[PDB]
Amino acid sequence: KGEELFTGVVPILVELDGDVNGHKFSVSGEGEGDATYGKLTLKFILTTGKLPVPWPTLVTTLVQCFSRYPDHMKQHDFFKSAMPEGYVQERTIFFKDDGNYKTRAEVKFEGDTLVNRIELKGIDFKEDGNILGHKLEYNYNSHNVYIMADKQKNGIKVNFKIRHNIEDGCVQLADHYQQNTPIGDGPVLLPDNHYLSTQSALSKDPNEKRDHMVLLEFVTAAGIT
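Quick note on the working numbering: the sequence shown kicks off at -2 and runs consecutively.
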């Protein structure tokens, strides 16, 4: 059923309400996802406030239902099975030697559109650290995202480490702890252990005057065979 919502291109909306060290800001995104290819095309714009953190630090927060699950792994796609009612995605992101983000998002269909609505709270960041200091390069690495079932919560537990390249030529690590729980009461797929292989390319719209991020992502599930 939920799988059948993803047989072609699906429009996406994203809304983020952010507060990092008391600096408040809002981000809106739009574009589309095609789970057939595991491909996301999105543009994010700062709608309110000044962006207090580098755009790359927000990529993981700003829809893993668009992951490509190969035919042999379709019994392991929690993200789609939760749809259309959707899932709650919660994270803590620990920036090594710096502050942490705590996020709560609802990912669900609002009519014909997959919508990611997020609240982010960031605390205990250093004024002269890599995040508030804006020392991260505008680029993104490929990552593996590790997934296991949480039978107790009728969802999944997700863990991974993001590597943010610093302008100095070193790496700022961001340790992600994630849990996903269905919104609806209906049955969901609890997967065997597996991962998502992710690739992200960040760019700018030459015609866009506001602070913004254009993002292209490819995501494929693997690890079962």
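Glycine included, each C-beta is placed from N, C-alpha and C at the ideal position.
Exercise. Which whole runs of the beta strand (DSSP E) in the stretch 98 to 138 are 3 residues long or more, in chain order?
Worked result: 110 to 120
Problem set entry | Assigned secondary structure, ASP95 (DSSP; H/G/I helix, E/B strand, else coil) | Against the sequence shown, residue 95 aligns to sequence position 98. In this structure, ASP95 counts as coil in the three-state DSSP scheme.
Exercise. First and last residue of the beta strand (DSSP E) that includes residue 282?
Worked result: Summary: the structure shown does not reach residue 282, with the chain confined to residues -2 through 222, and so no result is reported for it.
Problem set entry | Top-ranked residue by Cα proximity to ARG101, from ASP14, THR4, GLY5 and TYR192 | Translated into positions along the sequence shown, residue 101 becomes position 104. Of the candidates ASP14, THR4, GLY5 and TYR192, the one whose C-alpha sits nearest the C-alpha of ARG101 is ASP14.
Exercise. Looking only at its own chain, which residues have a Cβ that is under 7 Å from the Cβ of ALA146, when we skip the five neighbours before and after it?
Worked result: For the purposes of this step, residue 146 is taken as the residue at position 149 of the sequence shown. Contacts found: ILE153, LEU187 and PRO188.
For this session: Could you tell me which of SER139, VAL24 and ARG160 sits nearest to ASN113, measuring between CA atoms?
Result: Along the sequence shown, one-based indexing puts residue 113 at 116. For the residues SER139, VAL24 and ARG160, the minimum Cα distance to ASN113 belongs to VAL24.
For this session: Look at the alpha carbon of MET80 and the alpha carbon of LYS105, and state the distance between them as a whole number of angstroms.
Result: In the sequence shown, the residue the question calls residue 80 occupies position 83. In the sequence shown, the residue the question calls residue 105 occupies position 108. Their Cα atoms are separated by approximately 6 Å.
Exercise. In terms of residues, what are the limits of the beta strand (DSSP E) holding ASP31?
Worked result: The residue given as residue 31 occupies position 34 in the sequence shown. It spans 20 to 31 - the beta strand (DSSP E) in which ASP31 sits, taken as one unbroken run.
Problem set entry | Backbone CA spacing between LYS36 and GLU214 [nearest angstrom] | As a first step, residue 36 is located in the sequence shown; it is residue number 39 there, counting from the start. As a first step, residue 214 is located in the sequence shown; it is residue number 217 there, counting from the start. Roughly 6 Å between the two C-alpha positions.
Exercise. DSSP on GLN175, reduced to helix/strand/coil?
Worked result: Residue mapping note: residue 175 aligns to position 178 of the sequence shown, counting from 1. Note: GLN175 maps to strand in three-state DSSP.
Problem set entry | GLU116 Cβ short of 7 Å to the ligand PLP heavy atom set | Questions concerning the ligand PLP fall outside what the structure shown contains, since it holds no ligand whatsoever.
Exercise. Taking the alpha carbon of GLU82 as the point to measure from, which residue in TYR192, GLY183 and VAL216 has its own alpha carbon closest?
Worked result: Within the sequence shown, numbered from 1, the residue matching residue 82 stands at position 85. Ranking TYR192, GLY183 and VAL216 by Cα distance to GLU82 puts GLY183 first.
Exercise. Who are the Cβ neighbours of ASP109 in its own chain at under 7 Å, not counting the five residues just before and after it?
Worked result: As a working mapping, residue 109 is identified with position 112 in the sequence shown. Counting only Cβ-Cβ distances below 7 Å, and skipping sequence neighbours, we find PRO8.
Problem set entry | Segments of 4+ residues assigned as alpha helix (DSSP H) that fall wholly inside the stretch 40 to 66 | none
Exercise. Can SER194 and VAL56 be called in contact, C-beta distance under 8 Å?
Worked result: Position 197 of the sequence shown, counting from 1, holds the residue named residue 194. Position 59 of the sequence shown, counting from 1, holds the residue named residue 56. No, these two residues do not count as a Cβ contact at 8 Å.
Exercise. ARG160: buried (16+ other C-beta within 10 angstroms of its C-beta) or exposed?
Worked result: Translated into the one-based positions of the sequence shown, residue 160 becomes position 163. Exposed, by the Cβ-count rule.
Exercise. Going straight from the alpha carbon of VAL168 to that of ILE120, what length do you get?
Worked result: Reading the sequence shown from its first residue, position 171 is the one you call residue 168. Reading the sequence shown from its first residue, position 123 is the one you call residue 120. Taking the straight line joining both Cα atoms gives about 21 Å.
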